[PDB]
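Chemist: Got a structure here, written out as structure tokens. Questions coming.
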Amino acid sequence: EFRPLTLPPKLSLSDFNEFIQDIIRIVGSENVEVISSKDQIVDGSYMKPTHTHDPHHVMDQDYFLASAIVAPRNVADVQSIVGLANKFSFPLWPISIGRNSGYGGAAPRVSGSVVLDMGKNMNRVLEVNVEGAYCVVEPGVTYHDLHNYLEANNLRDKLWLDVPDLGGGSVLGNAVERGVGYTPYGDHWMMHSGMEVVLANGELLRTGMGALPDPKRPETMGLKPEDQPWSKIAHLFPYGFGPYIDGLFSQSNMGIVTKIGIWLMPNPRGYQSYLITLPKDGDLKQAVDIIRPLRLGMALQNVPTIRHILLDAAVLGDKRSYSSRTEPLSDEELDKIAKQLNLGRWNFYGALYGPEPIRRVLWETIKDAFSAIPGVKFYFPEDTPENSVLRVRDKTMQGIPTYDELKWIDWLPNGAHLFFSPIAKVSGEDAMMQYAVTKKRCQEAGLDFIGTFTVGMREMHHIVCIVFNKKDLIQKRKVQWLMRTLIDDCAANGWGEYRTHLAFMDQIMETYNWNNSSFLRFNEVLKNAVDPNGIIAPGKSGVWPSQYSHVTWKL
Amino acid sequence: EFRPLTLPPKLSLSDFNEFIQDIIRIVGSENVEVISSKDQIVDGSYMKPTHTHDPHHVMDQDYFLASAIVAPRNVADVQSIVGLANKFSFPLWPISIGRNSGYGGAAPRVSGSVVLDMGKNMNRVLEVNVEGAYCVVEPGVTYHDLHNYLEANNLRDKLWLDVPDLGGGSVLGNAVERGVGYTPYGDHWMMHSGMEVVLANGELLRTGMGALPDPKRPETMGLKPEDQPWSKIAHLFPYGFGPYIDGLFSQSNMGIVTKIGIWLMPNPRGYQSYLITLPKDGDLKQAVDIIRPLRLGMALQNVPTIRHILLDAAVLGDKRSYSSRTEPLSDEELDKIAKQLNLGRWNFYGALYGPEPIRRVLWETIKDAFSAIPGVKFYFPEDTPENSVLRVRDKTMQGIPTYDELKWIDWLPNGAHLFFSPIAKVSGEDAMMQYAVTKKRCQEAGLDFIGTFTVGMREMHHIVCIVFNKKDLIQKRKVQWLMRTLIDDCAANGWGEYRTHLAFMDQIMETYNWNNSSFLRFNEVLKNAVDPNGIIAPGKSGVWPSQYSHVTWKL
Amino acid sequence: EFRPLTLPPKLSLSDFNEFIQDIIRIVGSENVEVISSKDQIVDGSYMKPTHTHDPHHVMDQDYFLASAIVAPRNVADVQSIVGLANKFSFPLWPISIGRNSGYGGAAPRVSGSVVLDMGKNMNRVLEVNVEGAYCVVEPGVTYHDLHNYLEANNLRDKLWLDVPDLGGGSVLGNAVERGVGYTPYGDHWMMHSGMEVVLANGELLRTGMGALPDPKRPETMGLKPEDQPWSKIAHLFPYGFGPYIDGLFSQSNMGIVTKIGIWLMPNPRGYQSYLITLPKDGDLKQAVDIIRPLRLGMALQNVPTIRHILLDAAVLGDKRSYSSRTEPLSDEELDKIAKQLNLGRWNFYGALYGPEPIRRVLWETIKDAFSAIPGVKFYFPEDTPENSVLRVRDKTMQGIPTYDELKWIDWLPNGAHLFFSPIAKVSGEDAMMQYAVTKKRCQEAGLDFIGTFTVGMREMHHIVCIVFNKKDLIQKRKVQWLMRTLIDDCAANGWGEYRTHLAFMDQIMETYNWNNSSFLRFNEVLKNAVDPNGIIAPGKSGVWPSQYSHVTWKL
Ligand SMILES: *Cc1cc2c(cc1C)nc1c(=O)[nH]c(=O)nc-1n2C[C@H](O)[C@H](O)[C@H](O)COP(=O)(O)OP(=O)(O)OC[C@H]1O[C@@H](n2cnc3c(N)ncnc32)[C@H](O)[C@@H]1O
Ligand SMILES: *Cc1cc2c(cc1C)nc1c(=O)[nH]c(=O)nc-1n2C[C@H](O)[C@H](O)[C@H](O)COP(=O)(O)OP(=O)(O)OC[C@H]1O[C@@H](n2cnc3c(N)ncnc32)[C@H](O)[C@@H]1O
Ligand SMILES: *Cc1cc2c(cc1C)nc1c(=O)[nH]c(=O)nc-1n2C[C@H](O)[C@H](O)[C@H](O)COP(=O)(O)OP(=O)(O)OC[C@H]1O[C@@H](n2cnc3c(N)ncnc32)[C@H](O)[C@@H]1O
Ligand SMILES: Cc1ccc(O)c([N+](=O)[O-])c1
Ligand SMILES: Cc1ccc(O)c([N+](=O)[O-])c1
Ligand SMILES: Cc1ccc(O)c([N+](=O)[O-])c1
């Protein structure tokens, strides 16, 4: 194609054309796609995501957007595209699914960048192994896809998938990002083993035991490396020998991932989701403290989650379906909605897995522990209305994907999500302070507070859900202001953020400044050593190649 | 001091002297120690380890040995020593305890290197936190030290330490090496969070949330960075934000570690070790298969271990105390010794943790499962003689360190350990093949086979114990030959090794050659980028700085 | 000499010795002085200042301190010392007087640095010219010295010196720093013309018209450049032709200044100091607003100053001589002390200069303007007790130096000054907000607020006087905390600082970060271009040469 709406820094249209001309010859025109005009700038839907920019844009819609899109047919193409990118110093921005909304979606940090759609063609579930209780996968496999594959193959009785709320995302895309999930296998990054990735220099590289070569059998002769099988231990033990480099690949521009090993929980032989509604707002504090020991003690098995009242209601209804009021709902109004829905001002969803004797025993401990809270009330999914959030999480908590939760994005008219995500201690006092600070700022911006803690062993990801109408420019600015201020306040109180949207990766990296930004400095060193040309996703997590001046690029 | 018995490559005695002269001015003479003569080359004891070379030398005793030794008083000294090392391009080789015997002990890969004794002065238990259920520590803290600290502080009822067999090693030294331990917290590397290390350039760097700075209070003003407190989440969540670099620090020369966060298991409120003796040699196969599901299913909680007959006997007695025979004992003789000691030809030690109802239920499942094996017999520690290996592991399985196990090193006269450690699937067929291959080679070398599997979730570390008399030069050569051959055979069958001795790190790295040694190549890139001068432990895990020619150095 | 208590970064004692050995050969032993021991670390007095470190240390006393001291005999030596410094890459830190206390005194930012005492030998008043109404001077001339020179020469009737509070400082040292003074000639940096300085490369360079060479007369033949006379216009017009580089020399490490032109106010033919006591604390606001127009309108001629009550009392008495209380005095107590001393809660000192008709007219306007304030009261020096602060400033306001003001440093036991100095608008509202913020933080730290505004045309330097006992380590930390917090708060409100102490130049430079620290980046470029080796005062104002890593050095 001819003229992109915008282009990478320091490059002529003459060069873009020779570059794109060459890519089309490689992947064929069916695969390439140049962004020539506004009618191309459509904000999709979660069901059919837009690969050109951020769907949930806090900033201008056309702010971050690609010059083109390119779907490699397979690994060889990636190696090739990468080679061309080096010739032109054209920036790439890889993606498996494009489903990362609330964190910038498919949009690239630096505009005019070519977006590699790793997912379109490399869609394959490469392997599922019952004895090893794991599988292998390409960037294209969403959670739903895997679930079906297990189900078609009747393997669902043998092994369970762990899954985040909405089911559409890339299994590996979410993994590299360290996204959370609900079962005992909830920490996604923790559950991987052996990976494969294309370096900036286009060379292939497996990791961990992935490096020990599978011995040569007559049947495997002549295979290209990307097609060669993995050795037996590759997916069973992550460490390998020597330095453990896998982390360099999480949340970073060090290289493009092509396949990845992921564990799978054997069917536990027992399950029963549950609920415990906390009556008061202040109950958040005692509940957390009651939880701390249950988590360390292994009473609570999976990643449970304390949900705010509005989150469950957002799933059940629009703000309009509850109040004509155009401002943050009052504590009074919040108490009222809970009475309508039968929920507490906070609501703890969780689960039990195992044979009955284990389950019965755990259930006692849990129920007995939470009783210290006046007014607590325990419901099983059966015990609730056929639309309840519980009936839904009951599936999420057992590997069944769904999409019912997107409904909450609809609280305001033109829904658009934006996640603020500070980490917080498994402490009632710390959790209480974080909530208050986040709430007041929200009120200042005119937004309803909404969030959910997701309980890790020694920590909790506090996930603030900023819903906002994507067409009110004023609200957007208030929102940008909201984010930036929240970042600084929590920072000023020991709180970090585990992930964020393109428009703030720079600010958040800056919070990580102990010892004069020593951490970032070490990374850039690794970065430039690995990708001299800064071809791969420059600016991810705030790491900039030497070519990009921090003055022009930071934000 | 004046003249070291050997010196680093490419360096004058004139330079060694100016270098050492300067170090003495920094750390004071009490801290430095030059190796001038043979009387200095004493092979210590496990209780008082030698810092100058390998105690268990398969190779010549004086092969790998330092030019001097230097104990930094604190972090500032390390930064300083490092700075001098760069001026002279003198190679450093860090160590916390020196306890890594069976993997080369305190000896450096490249001879004449200065050995940093990080442990002598930086001995402090920096923190223990009950709510977070973790602690922080300097290189000097051994497992015993921590246990006492917990016990002095009466905290032992609140939190348990995880511990490897012998208790003397460095808590962090073993952690960076990814050493195994017995409780549920057995995977040491997995249990860390937040670290601190000195880069080749001497700059400080915390990691993970360690990077988010603790807000400034009047009390903490003026503190030097190394003395500054960590932010609240630092030890609670390992990921931080951006690339997860911690692995670059495991089994590698990327930098020197100064402190490290480590988790601690809350007292489980229940415990009972157990034993299950497998009668026949061939029972190894079914036992493994019976185990696979129990492990994934969480029936088996901690890292259990299948011990070979001779290992338990070595603890109970010398080969001489069982046979005047100078060659590998026959299967007949092996069957006989088991009858004497009441053990099976294989013996599964493990444990249960939790309230009685959980414990009772698990015990049923386990006992019921293993019964498929004809002749199995279950003993509790009480049910056995007051010297039994079980009475010992009962302590190991609950965080109590010991030293009773060193007795096995004594099988031959001049005991000397050497660990061959291939990883193997949690499969009876795979486990059986690995054992046979390892045994035959052992027989070829005239050595008794001895080993123990240590069961991970999806894998098992097969630990071959090569005992050999450290004074028979012939036996040593047979042993070198043994190792090298075993490395190649297992390689030729998909088997890797998770760790090894200095004399074979090069060979083992070479097994990891998928795609033309792509893995090693990526590392050297990272290496040279990070330490231009190759000052830090060159050759660790086989990674060589550009200065060392692979022709002269590899081995 | 042999061994300095500390040394510059990256340097051997062997090198220090060869370096110092060579300097001694140049300047002779009388001039050099190595710091070998603690007895050398004496905190002097203002009358006999210590050249080795900070007298008023907020930080550890021995924190910032030189390796040695060297007094060049003349310009040639400076050029030479500089040349040696380049060979060794030894850092220099120039100073004229050492009188910069409350900003770190004679101490160097980077420790172990050699301190050039420019003042000892280069002490000469090079010229005084009545028609041009200016003079020329070396680094050694203090204000008192110049005053005497004028007075010996009977020139005092012809021209007046402008002078800061205490009279001991270097006329040029204070000028390059942009220090303030009391007469109409109060802006010191503004009053200079033509300078001379030694570049990092040791080359000489005059500036402005200083560059146009004085034509050659037989009498001036053979003169060395440093001894050559200036052309006629050199001291009369500052701009010269082409880029105006003089500013590169203010508050920066660009080069060492050797002489400098400075204007002198012709005797005005009339003078009368005055006072106006504002009764209430809140009167600060209206007073400022009444002042704004008087300043722009030229009613107020010199740099007047609004003094806080405690400042005048500190001069009159110790906190102990007013209250046994160990904490910040109450507003009540403050009102009481004013009644005792006859002063307002704020007190405006200023002056009139000119023939009587001008003076009479101005006096009316001023008196009439300030009357809008209820309770104001106007005193002439005559109208007050023979110890009054007014009797003192009456001299300061006419070029007469004094030392009476040091008495205020004595408020606490071990007096030690530390200046916080944010700039503020000539507005009652802005001035009021700044005062409140600064006061509350002071109260938080347990310190009495004390300060004085010094009124510029369109702005006011708010000078917060942090007195603190230099031996209470706790108080010191509270103070460090005080400074750092004040810096951030004022920053968060548009307020900058025109100068500061070594321990905070880095933090303050960071406040100046518009557009991604663009300002600092531009400077480092200029820095490294000019001094490749970073020999000259690295870290001044936060500007670091490329050799110093920002991670290790910043603070
Ligand atoms: C709207 C929403 C989002 C959401 C959620 C609930 C709602 C209502 N619940 C989630 C949850 O419980 N846990 C979670 O982690 N995320 C959840 N989200 C956010 C989002 O939907 C998911 O995180 C989703 O998995 C993200 O999208 P996807 O998984 O498809 O990722 P992507 O679009 O490919 O972007 C991935 C990013 O990582 C890097 N990347 C991706 N692929 C590669 C390859 N092959 N190589 C290198 N880097 C890669 C890119 O930087 C890209 O930005
Ligand atoms: C003889 C023996 C050994 C043994 C064992 C049973 C017997 C009878 N059981 C073990 C077990 O159950 N699990 C295990 O991991 N090891 C066991 N061993 C072997 C050995 O005793 C232990 O592994 C022991 O912990 C190792 O010694 P130590 O822990 O003291 O380690 P070290 O002497 O300091 O050497 C550590 C190596 O790692 C690197 N290193 C160490 N400190 C640093 C720092 N600060 N910075 C950077 N790198 C560091 C070095 O490369 C060094 O070689
Ligand atoms: C305690 C105190 C201080 C004070 C004051 C009242 C009291 C009670 N009143 C002052 C006032 O009204 N105005 C003012 O500007 N300062 C006042 N102070 C602070 C201090 O006493 C004076 O500012 C004093 O003039 C500073 O000391 P001095 O003038 O002697 O300066 P120095 O010791 O030489 O340090 C100068 C700095 O500038 C750079 N420098 C100095 N000479 C050179 C040369 N030749 N070349 C290059 N740079 C040079 C150095 O960086 C040095 O740090
Ligand atoms: C809904 C949601 C969004 C982003 C996250 O990171 C997340 N989590 O549990 O980690 C959950
Ligand atoms: C005894 C021993 C020696 C080395 C190891 O690595 C080990 N392990 O369990 O990992 C156990
Ligand atoms: C007393 C004092 C101290 C530092 C200054 O800067 C100052 N000034 O008027 O500029 C006055």
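The first residue you see is number 1, and the count goes up from there.
Cβ atoms here come from the backbone N, Cα and C positions, even for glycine.
Under the heading domain 'FAD-binding PCMH-type', Swiss-Prot lists A:62-267. Annotation source Swiss-Prot lists active site at A:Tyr103, A:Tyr498, A:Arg499. Feature annotation from Swiss-Prot assigns site 'Important for the catalytic mechanism' to A:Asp165. Taken from Swiss-Prot, the feature tele-8alpha-FAD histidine applies to A:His417.
I'd like to know what surrounds each of these features in this structure.
Modeler: Under 8 Å, Cβ to Cβ, and six or more positions away along its own chain, A:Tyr103 (active site) finds A:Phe419, A:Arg499, A:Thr500, A:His501, A:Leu502.
A:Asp165 (site 'Important for the catalytic mechanism') has a Cβ environment of 22 other Cβ atoms inside 10 Å.
DSSP assigns A:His417 (tele-8alpha-FAD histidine) to coil in the three-state reduction, outside any helix or strand. Every protein chain shown contributes to the tally, and the Cβ of A:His417 (tele-8alpha-FAD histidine) ends up with 20 other Cβ atoms within 10 Å.
In the three-state DSSP assignment, the secondary structure recorded for A:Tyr498 (active site) is coil. Within the same chain, residues at least 6 positions away in sequence whose Cβ sits under 8 Å from that of A:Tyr498 (active site) are A:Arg178, A:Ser421, A:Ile423, A:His461.
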Chemist: Are there recorded positions in A:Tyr103, A:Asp165, A:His417, A:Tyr498, A:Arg499 whose CB lies under 8 Å from a CB of chain B, and which ones?
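Modeler: Near chain B: A:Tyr498, A:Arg499.
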Chemist: Using the alpha carbons only, what distance in Å do you get between A:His417 (tele-8alpha-FAD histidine) and A:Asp165 (site 'Important for the catalytic mechanism') once rounded?
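Modeler: About 14 Å separates the two Cα atoms.
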Chemist: Out of A:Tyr103, A:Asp165, A:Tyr498, which recorded positions have CB atoms lying under 6 Å from ligand 4?
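Modeler: Among A:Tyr103, A:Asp165, A:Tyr498, near ligand 4: A:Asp165.
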Chemist: For A:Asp165 (site 'Important for the catalytic mechanism'), name the DSSP secondary structure in the helix/strand/coil scheme.
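Modeler: Where A:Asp165 (site 'Important for the catalytic mechanism') sits, the three-state DSSP reduction gives coil.
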Chemist: Taking 10 A as the limit, how many CB atoms besides its own sit near the CB of A:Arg499 (active site)?
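Modeler: Here the count is 22.
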Chemist: If the criterion is a C-beta within less than 6 angstroms of any ligand 1 atom, which of the recorded positions A:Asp165, A:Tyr498, A:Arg499 pass it? List them in sequence order.
Modeler: A:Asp165
